[PDB]
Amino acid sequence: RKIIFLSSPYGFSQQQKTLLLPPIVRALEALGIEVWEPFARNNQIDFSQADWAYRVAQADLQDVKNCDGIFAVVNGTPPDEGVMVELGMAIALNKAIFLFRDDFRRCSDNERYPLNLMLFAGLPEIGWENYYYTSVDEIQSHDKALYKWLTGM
């Protein structure tokens, strides 16, 4: 099975972590994907020791190296800095890239993209919108990049 790293800032808010993440994980898993979600995958880190921050950093770094694609939740103004670092790692490692934003605000300096142009550096010049999801219900669309990627095209 293809491995998706689900990069989001939803683990920082108790309510967001509980209500927002599980539905996205389920949509992904219904496509046959193995989902790596960093907040859940790090729940067994000894939050006691002071080095936990460095341990989590390295664990997330390895999960990106070892995933097949990244599903980056890029809601908010601006998108979360941890998601962006992990997205930049994904781009540089030639992983598949999928972006999610159901926030309807536009926040960018260019007409082409709704966000800072670097978020799109790992996507094609034409047809990048096919990798850009704007609702949870769209994740399972057979006409979007995630489905096509699983099934060849």
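Just count from 1 along the sequence shown to find any residue number.
Exercise. Identify the stretch, either 41 to 49 or 89 to 97, whose C-alpha atoms have the larger mean B-factor according to the entry.
Key: Averaging CA B-factors over each stretch, the winner is 41 to 49.
Quiz prompt | Between 80 to 88 and 24 to 32 (mean CA B-factor, as deposited), the higher | solution = Comparing 80 to 88 with 24 to 32, the higher mean C-alpha B-factor belongs to 24 to 32.
Exercise. Rank-wise, by C-alpha B-factor, drop residue 56 into the lowest, middle or highest third of its chain.
Key: Middle third - that is where residue 56 ends up once the chain's C-alpha B-factors are sorted.
Quiz item: residue 67: which third of its chain by C-alpha temperature factor?
Solution: CA B-factor rank for residue 67: middle third.
Quiz item: Sorting the chain's CA B-factors, does residue 3 end up in the lowest, middle or highest third?
Solution: CA B-factor rank for residue 3: middle third.
Quiz prompt | Chain thirds of CA B-factor: placement of residue 134 | solution = Lowest third of the chain for residue 134's C-alpha B-factor.
Quiz item: Against its chain's modelled residues, does residue 102's Cα B factor rank lowest, middle or highest third?
Solution: Ranked within chain, residue 102 CA B lands in the lowest tercile.
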